[PDB]
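Quick reminder, even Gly has a Cβ in these numbers, built from the backbone with ideal geometry, and neighbours come from all protein chains shown. Every number here is computed from the coordinates shown, using simple stated rules; none is lab data.
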Amino acid sequence: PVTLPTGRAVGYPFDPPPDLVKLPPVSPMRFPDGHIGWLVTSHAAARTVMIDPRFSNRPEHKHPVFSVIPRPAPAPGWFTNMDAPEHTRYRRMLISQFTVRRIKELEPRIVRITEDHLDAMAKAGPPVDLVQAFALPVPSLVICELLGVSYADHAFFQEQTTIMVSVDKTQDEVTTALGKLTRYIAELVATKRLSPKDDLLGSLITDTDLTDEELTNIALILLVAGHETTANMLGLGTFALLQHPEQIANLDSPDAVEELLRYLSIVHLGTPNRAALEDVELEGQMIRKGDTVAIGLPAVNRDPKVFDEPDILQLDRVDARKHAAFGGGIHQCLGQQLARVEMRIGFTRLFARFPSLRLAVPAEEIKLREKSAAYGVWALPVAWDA
Ligand code: HEM
Ligand SMILES: CC[C@H](C)C(=O)O[C@H]1CCC=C2C=C[C@H](C)[C@H](CC[C@@H]3C[C@@H](O)CC(=O)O3)[C@H]21
C-alpha cells in the first residue's frame, strides 16, 4: 500500500508527482487512520468512481484522505458530502440559480472587474505580484457580487477560505475558520431575509423554502469554492503560459481554457474520493464494500489512453474536453460555467494588455501550494515593458 503521493519534481511545477504517475491504474493506498483502500490514476477507472451509484460521498462511509475535516451526518445544506436523494434537493435548487441568464448577465461585470485590475497594474507599474494584483481579487470580487456578500470584508474571507482548503492545518484551526465564516454569513442571511435582492443568495431566499441554516451552509460552500479555484487557475495558468510562450498565440482557441484545466489539474490530492457501498471491480482489482477509493486527477488528466501527447500543454489540441478537472457525476463542479467565463476573460485580457509579461524572478523561485487541496502559486512576481 502506498501513501498518497505528494512531491512535485523541482523544475516540473505543472506535472504530477512522479510517485503518482508511476503507479498502476488502481493501487492499494494507506489512509492516515490505517484504512487500506485505493488510489486510482486511470481515466476510465476515475470515471466509474465518479459516476457509478455504488459509490458514496458520505463521511459516515469514508475514511478521510486527510485527517482534518472542514465541516460543521452532514448538516442541512452541507450538500457536498451528501448522496442522492438528499444531495439532489440542494443540487437542483443551485442549478436553477447557476442559469444561462445569470452567467450571461454577469459577464460584463467580470469584464469590467478584470479590466479595472489591469488598469491598477498599469498604474503601479512593474513588477507586481500577480497573485495579489489580479489572480486573487478578480474572482474574489466576482463571487462576492454573485452571492451579495460585501467585498469590503475580502481580506477576512480570503484568510478563512485558505484555511478551509488547506491540508496543512489542525482540526482546531479549521473549526475556527469555519466558525468565523458561519457566524459572518448567518448574519448576512438574516439581513437579506429583510431586503430582497436578485443575487444568487437573495434568489435562493425568494424562490425556495431553504432554512437560514441551509442558506448559511450553501453560501459558505460557494464562498470557499469561489475564492480557492479560479484564483489558483489564473496564477498557475499564467505561470504555465509564461513557461510555454509559444502557446500564448493559441489562447483564442475554443478549448484553450479546457486545456489549461486538464494540464494543471489544481484539485490535485486524492479528490474526488468515494466509499464503495458494494464490491466493485475496477481495472485489475476488486474494490470491497467499505473501501475508500481516492482519485489522482493530475494523473487521470495525463492518461495516454485518452490524450495525444498528454504531457504537452497544447491549447489547440482536439481532445481537451475529455479532461476530468471538474470531477464527474452528480457532484461534478457546480461553478464550471462561471469559472470558465472568468478564466477566458482573465487570461485573454491579461495577455492582451501586457503582451510582454514575464516572470520577474527565476522560475525556480516560484513557491507552490503543495500543502493546499487546491494547487497553485503562493506568489508570482511579474514584469513587462512599461
Ligand atoms: C476554477 C476552477 C474550478 C475547478 C478546477 C473546480 C473543481 C471542482 C471539482 C473537481 C469538484 C468535484 C469534487 C468532488 O466530486 O469531490 C467540484 C465541485 C464543486 N465546485 Fe468546482 N471547481 C472550480 C470552480 C468552482 C467555482 C468558481 C465554484 C463557485 C461556487 C465552484 C463550486 C463547486 C461546488 C459548489 C462543488 C460541489 C458540487 C456538489 O457536490 O454537488 N467550483 N469543483
Ligand atoms: C470544505 C471546503 C468546501 C466547502 C469544499 O468542500 O470544497 C470542495 C468542493 C468545492 C471546491 C473545492 C476546491 C478545492 C478543494 C479540493 C475543496 C475541498 C478541500 C478539502 C480541504 C480539506 O478538508 C482536505 C480535503 O482534501 O479537501 C473543494
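Ordered by the number of other Cβ atoms lying within 10 Å of each residue's own Cβ, fewest first, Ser253, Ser140 fall into the sequence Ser253, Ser140.
Of the peptides 342-348, 152-158, the ranking by mean beta-carbon count within 10 Å, highest at the top, reads 342-348, 152-158. At what distance in angstrom do the alpha carbon centres of segment 119-171 and segment 224-253 lie from each other? So the separation of the two Cα centres works out to 16 Å.
By other beta-carbon atoms within 10 Å, ranking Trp384, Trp378 with the fewest at the front produces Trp378, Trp384. How far is the Cα center of segment 172-196 from the Cα center of segment 358-386, in Å? Here the two parts' Cα centres lie 32 Å apart.
Across the chain, Cα-Cα distances exceeding 41 Å account for 10% of all pairs. Label positions at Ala122 and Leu194, each projected 7 Å from the Cα along the C-beta direction, are separated by 4.2 nm. Diffusion coefficient (Stokes-Einstein, Kirkwood radius over C-alpha pairs, 20 °C, 1.002 mPa s) for segment 248-386: 124 µm²/s, rounded to a whole number.
When each of the peptides 291-298, 144-151, 186-193 is scored by how many other beta carbons lie within 10 Å of its residues on average, the order from highest to lowest is 291-298, 144-151, 186-193. Here the spin labels are modelled as points 7 Å beyond Cα on the Cα-Cβ line, and at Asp153 and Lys289 they lie 4.6 nm apart. Rounded to 0.05, the FRET efficiency of the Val318 and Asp252 pair, given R0 = 22 Å and the Cβ-Cβ distance, is 0.90.
Under 20 Å of direct C-alpha separation, and excluding same-chain neighbours fewer than eight residues apart, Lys371 reaches these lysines: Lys169. With a Förster radius of 45 Å applied to the beta-carbon distance between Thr176 and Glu105, the computed FRET efficiency rounds to 0.80. Magnitude of the charge dipole for the chain, about its Cα centre and with charges confined to Cβ atoms of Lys, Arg (+1) and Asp, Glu (-1), is about 340 debye. Rounded, prolate or oblate: which fits segment 186-276, taking a ≥ b ≥ c as square roots of the Cα gyration tensor eigenvalues, rounded meaning a/c under 1.5, else prolate when a/b beats b/c? Because a/c hits 1.5 or more and a/b exceeds b/c, segment 186-276 counts as prolate. Judged by the mean number of other Cβ atoms found within 10 Å, the most tightly packed of the peptides 42-54, 306-318 leads the ranking 42-54, 306-318. Straight-line reach from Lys192: taking Cα to Cα under 16 Å and skipping same-chain neighbours fewer than 8 places apart, the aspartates and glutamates in range are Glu145, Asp207, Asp209, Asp212, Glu213, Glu214. Report, for the chain, the % of DSSP beta bridges that are antiparallel, rounded to 5. Percent antiparallel among DSSP bridges in the chain is about 85.
Here's the list of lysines a cross-link from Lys289 could span, going by alpha-carbon distance under 22 Å and ignoring same-chain residues fewer than 8 apart: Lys62.
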